[PDB]
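From first to last, the protein sequence lines stand for chains A, B, C, D, E, F, G and H.
Here the deposited numbering is used: position 68 in the first sequence is 68, and no number is missing along the way.
Here the deposited numbering is used: position 25 in the second sequence is 25, and no number is missing along the way.
Here the deposited numbering is used: position 91 in the third sequence is 91, and no number is missing along the way.
Here the deposited numbering is used: position 89 in the fourth sequence is 89, and no number is missing along the way.
Here the deposited numbering is used: position 94 in the fifth sequence is 94, and no number is missing along the way.
Take any residue in the sixth sequence, note its place counting from 1, add 2, and you have its number in the deposited numbering.
Take any residue in the seventh sequence, note its place counting from 1, add 320, and you have its number in the deposited numbering.
Take any residue in the eighth sequence, note its place counting from 1, add 192, and you have its number in the deposited numbering.
Below is one structure, written out as structure tokens, with a few remarks after it.
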Amino acid sequence: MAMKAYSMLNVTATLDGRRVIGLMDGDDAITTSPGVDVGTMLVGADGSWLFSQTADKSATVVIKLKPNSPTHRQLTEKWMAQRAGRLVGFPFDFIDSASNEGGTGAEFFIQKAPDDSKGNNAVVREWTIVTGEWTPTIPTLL
Amino acid sequence: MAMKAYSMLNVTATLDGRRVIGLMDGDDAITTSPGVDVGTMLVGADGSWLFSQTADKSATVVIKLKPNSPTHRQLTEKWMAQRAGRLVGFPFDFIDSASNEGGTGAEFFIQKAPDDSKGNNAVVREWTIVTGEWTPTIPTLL
Amino acid sequence: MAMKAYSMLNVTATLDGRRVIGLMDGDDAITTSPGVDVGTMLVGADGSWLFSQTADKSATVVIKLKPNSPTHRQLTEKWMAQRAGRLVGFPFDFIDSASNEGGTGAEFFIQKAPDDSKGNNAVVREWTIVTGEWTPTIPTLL
Amino acid sequence: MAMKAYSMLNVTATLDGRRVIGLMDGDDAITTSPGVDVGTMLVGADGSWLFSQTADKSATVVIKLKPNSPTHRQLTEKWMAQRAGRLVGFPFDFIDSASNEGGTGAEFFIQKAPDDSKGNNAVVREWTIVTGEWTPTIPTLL
Amino acid sequence: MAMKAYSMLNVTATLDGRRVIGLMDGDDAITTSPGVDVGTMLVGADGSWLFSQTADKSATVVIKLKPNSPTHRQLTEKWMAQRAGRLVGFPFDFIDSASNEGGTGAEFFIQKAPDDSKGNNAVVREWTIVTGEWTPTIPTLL
Amino acid sequence: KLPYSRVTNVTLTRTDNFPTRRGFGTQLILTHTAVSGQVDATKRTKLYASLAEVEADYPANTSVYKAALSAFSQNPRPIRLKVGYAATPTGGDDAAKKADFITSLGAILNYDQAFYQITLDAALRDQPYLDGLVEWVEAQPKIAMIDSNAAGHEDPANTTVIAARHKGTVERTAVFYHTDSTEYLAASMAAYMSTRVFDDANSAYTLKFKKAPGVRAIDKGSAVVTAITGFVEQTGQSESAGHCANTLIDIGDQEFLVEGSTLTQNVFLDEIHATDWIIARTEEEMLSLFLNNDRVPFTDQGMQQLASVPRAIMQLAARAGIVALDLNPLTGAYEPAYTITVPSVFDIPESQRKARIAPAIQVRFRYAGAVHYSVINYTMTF
Amino acid sequence: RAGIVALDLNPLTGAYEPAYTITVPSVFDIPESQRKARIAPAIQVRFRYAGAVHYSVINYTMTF
Amino acid sequence: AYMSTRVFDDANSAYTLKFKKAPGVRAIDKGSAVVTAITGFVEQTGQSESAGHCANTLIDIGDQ
């Protein structure tokens, strides 16, 4: 079970059951960030201290797409479904087969919609989705 | 029905019935952005969560023009009509024939007016318009 | 009536009856900007909307000059007249003969005074003037 | 209709109605080059791609002349007319009768002026002209 | 099946179904180059390393022609078709029969257009075309 | 004054309209009915444009209208059905004899070659003379499909039914077994199959195995759905333990086609459809090569010019997902997905050179399949 | 540029077709018997017109 | 008066129609089935020579 070097050919992302396909160029095409800081240190006037840990386990992910990708059509249909008043979960999941690093979330929602720029060359379309519960997977292959 | 590569020769924008013609150089000549975020995640002190979706479907579009373009004359007449006290809608619409991506709005208004700079070389004239209802069209050709 | 290409040889600016002559280098030597936004969109908690238009038609213009120009002397005399307590209008006007784009204002006032820097090479002197009523002219030659 | 071998005796260039006569020595006496690249390929992080085509059809031509040629006098009069403030088109056209290769442009402008070097032997005078619309002719004789 | 020595008499290139005929002199008349590097090595502050492989399989080819060749006429017609707004693929393919080395691409586009130089002797006309997918053929005859 | 219809024309109807979405193919509907105004010995076949414009065939006849009804009833729609005149005589003057039916089949090509999928509907069902179609579509670049309205395929032992007397020997025919009064071949084929465009990336519908038609009804049972479709749970599909067909089961609240339209033990419909797209595309590109060039010479340069066509078609096909990804399926080691070998005219004698028939070019394949059945284990430890 | 001449595409199929051509004759084989006329030979030019729209149609199917 | 002040030296200055243009001040004629005997214009087919006589009448449809 040799440790495969990194490659985007071996990363898979699944949005509502379908694959994510037409991604923009760059080192940051799918990025997930936790919602808050894990904890806070409180130091008093005497030198004693107290740590406090949060119970909030939430995250956002940002997906950068090309103007010609089926995932853009899927996300723009989901946006219109939300605008109509139909509010459901739509899971998102992605992982790397080389290291088993990734995470899952069983209920996501659209948070930001992209800007439609036409101009002279084609440009990015950035979507943002948010969940209330994100559990990272343990990389068991280091 | 081959998927046409991108080209500004196949994008059409219609403002109050007339075409938009003299556009500045760059990758961002007509850009539309939604007014607000689609939703908000609220996580409590215990780890539970709640999502909330907005009912606001509004957008602005920014149009960058050259100092010699008939659309600049049309927009400066619309600005003076608004300053006189006559307040009506004037639809705006634009679409891409290669993918059927775009959107429409039946009632727009002037929001920002450009700066008249003379200088040594010619420079941009940027207009901003706003609507209370913007519906994106579904790209059925992906 | 051929549409003349742009040239600073065909732009004329008149300040209190006299021409503006010694201008600095750059693409922004005389720039006029409106005082406020034209309007504001207000969207409610239910999705309905309301636009509001302002009655304020005011502007500033910024003039960048060389340290050796008669307009600098004229503006520094106007500044001292204002400091003495004599407060009158002094019209400003400028237009482009190629497109008939420009504007006029019948009563201006000094708002900012430049900085006198000596140094090793000569540098800009920037003046700012303000009016309560600015009417753009319609470019009838597009 | 035999395919004539190449010869500068069978190339004709017309500038504002008159012929171009006294040309310098070399393989590059009249050269026209397009303003920009025809298009751009955009490849994403996943391997998908998108092409984009420009709408800019502009070109420059460089003409190298001897210090004793009537075309030098014609171009130096056109330069002074532009410096006075008179800005008009002046078509340029050239073609090869052996293959029907060439192009035309109905409105050109002076862009660069030559350097007047005296020295011990006579040297080149290089002019540059620019248009916003250049249409190549199809070589129908191959 | 003797290994034939190299010869341009046994190389065939097909552009949109037709042969490529009038080529300039030199050792580089048709050259194809990959768009990017195959991969990247990343070495950390401790001595450990990580390789990353790209998913971009694109290439350009440069074709150098004489001013009297039917392929020049074909390419200048394709350029005008692209400038009109018609954007399609036009395959390109070339191979060597002595070694079975070459490659194919099912959809190309014009990227650069040549310069029309007249001068005293005839000179090169260089075209550039680009694809988003280029697959080299395996030389099975070594 | 004047109406607005002086300068424009705005109408309104009460009907359902879906986008067109052109695709690959066309189907054929052969029966014995004739309409006398559009097939009367002048057109062994006749084309159309849309269903609504049907007038020649009565909107109540079971054969044509009730079959075009399910042919044109997919959410995206195909176009130009190929309407029937073909075997207007009843099977044969001697009914039990299949020679007349075979000759009838052999005399309907001579008018038209634009159909790819052959469907008999609402009649001719369960006739013994139909064996000619099964024997004949072999070595014939088409697809033969027969939907019964009723038979005894539900016995995993009997040998008299269509799918029994021809099972494991034919690789280009399939059965749409069902209950009475529903036209089924038209429901999915040529209505979902037709609007499949393989010119896009990742457009390989390798299954055709869970797909919903426009409107229809399910059959019934659980242990009867394995006598038909011959599908065992996790092993696969066994020839002895069932008869292959398609029945449109329902499992949850959804109804969908099942078995993915097999033909023999483990041969599926999308394989045939996709490879036939490959062949028909190479034909079109070859013809487009003969029309652009002045000539194609009979030299080695001409052979390479000809062989340039399969090279582009294979790159087109590997992108759709039909051709495999360059790796050995057994071990995962590197292996070429496809090769193209061009022959030499050199040692082909001039005795044969004067033929103006080029030597054959040979191409190599590897298919990329898909998944029909999944397994999950779920060990629990407390 | 004004929009009078068409945009370089076949109106039937949308394939590429030149909008206009200009063919220049030869004085070479025109005899000197005719050369002394001081009347130049004729130049031939080719066209294609670009029309516009007078009448529109919209269908509006309703499904409820 | 409108035809004269048409400058074709600018981009996109093709008034290909001359088909819906307002004069300074004037009056309309009357009718609906009389506007097709004159101008010979059928609804969606086009303009037929046998079914009318071509001319120009300055109709009014809306308030224009």
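Virtual Cβ for every residue (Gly too), placed ideally from N, Cα, C.
Report task. Step through the CB atoms of chain B and report whether any lies within less than 8 Å of the CB of residue 79/F. Result -> Taking the sixth sequence and counting its residues from 1, the one referred to as residue 79/F is at position 77. Not one chain B Cβ lies under 8 Å of residue 79/F.
Report task. Pair every Cβ in the region 96-103 of chain D with every Cβ in the region 18-27 of chain E, then say whether three or more of these pairs are closer than 8 Å. Result -> no
Query raised in the report: Sorted by chain position, which residues of the same chain lie with C-beta nearer than 6 Å to residue 89/D's C-beta, five sequence neighbours on each side aside?
Result: Stepping through the fourth sequence from its first residue, residue 89/D is reached at position 89. Around residue 89/D: 107.
Query raised in the report: For residue 15/B, which residues of its own chain have a beta-carbon under 6 Å away from its beta-carbon, when the five flanking residues on both sides are left out?
Result: Numbered from its first residue, the second sequence carries residue 15/B at position 15. Same-chain partners within the cutoff: 92.
Query raised in the report: If we call anything under 8 Å between Cβ atoms a contact, is residue 34/C one with residue 122/C?
Result: In the third sequence, counting from the first residue as 1, residue 34/C sits at position 34. In the third sequence, counting from the first residue as 1, residue 122/C sits at position 122. Against a cut-off of 8 Å, the Cβ pair of residue 122/C and residue 34/C comes out as no contact.
Query raised in the report: For residue 350/F, which residues of its own chain have a beta-carbon under 8 Å away from its beta-carbon, when the five flanking residues on both sides are left out?
Result: Here residue 350/F refers to the residue found at position 348 when the sixth sequence is read from its first residue. Around residue 350/F: 361.
**Report entry** Cut-off 7 Å between Cβ atoms - residues of its own chain near residue 323/G, not counting five sequence neighbours on either side
**Finding:** In the seventh sequence, the residue the question calls residue 323/G occupies position 3. Counting only Cβ-Cβ distances below 7 Å, and skipping sequence neighbours, we find 370.
Query raised in the report: Does DSSP put residue 39/B in a helix, a strand or coil?
Result: In the second sequence, residue 39/B corresponds to position 39, counting from 1. Three-state result, residue 39/B: strand.
Requested in this report: Report the three-state DSSP secondary structure of residue 112/D (helix, strand or coil).
Outcome: As a working mapping, residue 112/D is identified with position 112 in the fourth sequence. Reduced to three states, the DSSP call for residue 112/D is strand.
Query raised in the report: Once you ignore the five residues that flank residue 41/B on each side, which residues in its own chain have a CB closer than 7 Å to its CB?
Result: By one-based count along the second sequence, residue 41/B stands at place 41. 49 and 51, listed in sequence order.
Query - Length of the line joining the Cα atoms of residue 65/A and residue 330/G - result: Translated into positions along the first sequence, residue 65/A becomes position 65. Translated into positions along the seventh sequence, residue 330/G becomes position 10. When rounded, the distance between both Cα atoms is 35 Å.
Query raised in the report: What did DSSP end up calling residue 257/F once you bin it into helix, strand or coil?
Result: Within the sixth sequence, residue 257/F is the residue found at index 255, counting from 1. DSSP places residue 257/F in strand when its eight states are reduced to three.
Report task. Taking only beta carbons into account, state which residues of the region 56-79 of chain A come closer than 9 Å to chain D, listed in chain order. Result -> 64, 65, 66, 67, 68 and 69
Requested in this report: Check residue 136/F in the structure and name its three-state DSSP category.
Outcome: Residue numbering aside, residue 136/F sits at position 134 when the sixth sequence is read from its first letter. Note: residue 136/F maps to helix in three-state DSSP.
Query - Boundaries (first-last residue) of the beta strand (DSSP E) holding residue 129/D - result: In the fourth sequence, residue 129/D corresponds to position 129, counting from 1. From DSSP, the beta strand (DSSP E) with residue 129/D extends over 125-131.
Query raised in the report: Over what stretch of residues does the beta strand (DSSP E) that includes residue 11/F continue unbroken?
Result: As a first step, residue 11/F is located in the sixth sequence; it is residue number 9 there, counting from the start. 10-12 is the extent of the beta strand (DSSP E) around residue 11/F.
Query raised in the report: Since residue 129/F and residue 12/E are thought to touch, with beta carbons under 8 Å apart, how far apart are those beta carbons, to the nearest angstrom?
Result: What you label residue 129/F is simply residue 127 of the sixth sequence in a count that begins at 1. What you label residue 12/E is simply residue 12 of the fifth sequence in a count that begins at 1. With 8 Å as the limit, residue 129/F and residue 12/E do not qualify as a contact, their Cβ atoms being about 55 Å apart.
Query raised in the report: In chain order, what residues of the same chain have a beta carbon less than 6 Å from the beta carbon of residue 188/F, not counting five sequence neighbours either side?
Result: Position 186 of the sixth sequence, counted from the start, is the residue given in the question as residue 188/F. Around residue 188/F: 69, 72 and 73.
Query - Among 55/E, 139/E and 80/E, the one whose alpha carbon lies nearest that of residue 7/A - result: Looking up residue 7/A in the first sequence gives position 7. Nearest of 55/E, 139/E and 80/E to residue 7/A, Cα basis: 55/E.
Query raised in the report: Apart from the five residues on each side of it in sequence, which residues of its chain come closer than 8 Å, Cβ to Cβ, to residue 139/F?
Result: Locating residue 139/F in the sixth sequence gives position 137, where the first residue counts as 1. The answer, listed in chain order, is 120, 145, 146, 174 and 175.
Requested in this report: Measure the C-alpha to C-alpha separation of residue 150/F and residue 190/F and round it to an integer number of angstroms.
Outcome: As a first step, residue 150/F is located in the sixth sequence; it is residue number 148 there, counting from the start. As a first step, residue 190/F is located in the sixth sequence; it is residue number 188 there, counting from the start. Residue 150/F and residue 190/F: Cα-Cα distance of roughly 15 Å.
Query raised in the report: chain B beta carbons: is any one of them nearer than 8 Å to that of residue 29/C?
Result: Taking the third sequence and counting its residues from 1, one reaches residue 29/C at position 29. Answer yes: the Cβ-Cβ gap between residue 29/C and chain B drops below 8 Å somewhere.
Report task. Evaluate residue 374/G with the Cβ neighbour count: other Cβ atoms within 10 Å of its Cβ, from every protein chain shown; 16 or more gives buried, anything less gives exposed. Result -> Start at 1 with the first residue of the seventh sequence, and residue 374/G comes out as number 54. Classification for residue 374/G: exposed.
Query raised in the report: Near residue 141/C, which residues of its chain fall below 8 Å by C-beta distance, leaving aside the five closest residues on each side in sequence?
Result: For this step, residue 141/C is matched to residue 141 along the third sequence. Here the set comprises 1, 3, 98, 99 and 100.
**Report entry** Buried or exposed (CB count within 10 angstroms, at least 16 for buried), residue 340/G
**Finding:** Counting from 1 along the seventh sequence, the entry for residue 340/G is found at position 20. With fewer than 16 Cβ atoms within 10 Å of its Cβ, residue 340/G is classed as exposed.
Query raised in the report: How many Å lie between residue 237/F and residue 333/F at the Cα?
Result: By one-based count along the sixth sequence, residue 237/F stands at place 235. By one-based count along the sixth sequence, residue 333/F stands at place 331. Cα-Cα distance, rounded: 23 Å.
**Report entry** First and last residue of the uninterrupted beta strand (DSSP E) at residue 101/D
**Finding:** For the purposes of this step, residue 101/D is identified with residue 101 of the fourth sequence, where counting begins at 1. Element bounds for residue 101/D: 101-105.
Query raised in the report: What do you reckon, are the CB atoms on residue 58/B and residue 103/B nearer than 8 Å?
Result: Taking the first residue of the second sequence as position 1, residue 58/B is located at position 58. Taking the first residue of the second sequence as position 1, residue 103/B is located at position 103. Not a contact, by the Cβ cut-off of 8 Å.
Requested in this report: Could you tell me whether any Cβ in chain D is nearer than 8 Å to the Cβ of residue 44/A?
Outcome: Locating residue 44/A in the first sequence gives position 44, counting from the first residue. False, the Cβ-Cβ gap to chain D never drops below 8 Å.
Query raised in the report: Roughly how many angstroms separate the alpha carbons of residue 209/H and residue 124/A, rounded to a whole number?
Result: As a first step, residue 209/H is located in the eighth sequence; it is residue number 17 there, counting from the start. As a first step, residue 124/A is located in the first sequence; it is residue number 124 there, counting from the start. Cα to Cα, the separation comes out at about 41 Å.
Query raised in the report: DSSP on residue 8/E, reduced to helix/strand/coil?
Result: Here residue 8/E refers to the residue found at position 8 of the fifth sequence. Helix.
Query raised in the report: What residues match up with residue 245/F in a beta bridge as DSSP calls it?
Result: As a first step, residue 245/F is located in the sixth sequence; it is residue number 243 there, counting from the start. In DSSP, residue 245/F forms a bridge with 230/F.
Query raised in the report: Is there at least one Cβ from chain B nearer than 8 Å to residue 24/F's Cβ?
Result: To locate residue 24/F, count along the sixth sequence from 1; it is residue 22. Yes, because at least one Cβ of chain B sits closer than 8 Å to the Cβ of residue 24/F.
Query raised in the report: Counting pairs of beta carbons, one from the region 276-296 of chain F and one from the region 312-319 of chain F, are three or more of them closer than 8 Å?
Result: yes
Query raised in the report: Which residues of chain F have a Cβ atom closer than 8 Å to the Cβ of residue 104/E, listed in chain order?
Result: On the fifth sequence, residue 104/E is found 104 positions in, with the first residue counted as 1. Per Cβ cutoff of 8 Å: 310, 313, 314 and 317.
Requested in this report: Please decide whether residue 175/D counts as near chain C, where near means a Cβ-Cβ distance under 8 Å.
Outcome: Outside the displayed span of chain D (1 to 142) sits residue 175/D, for which this structure offers no information.
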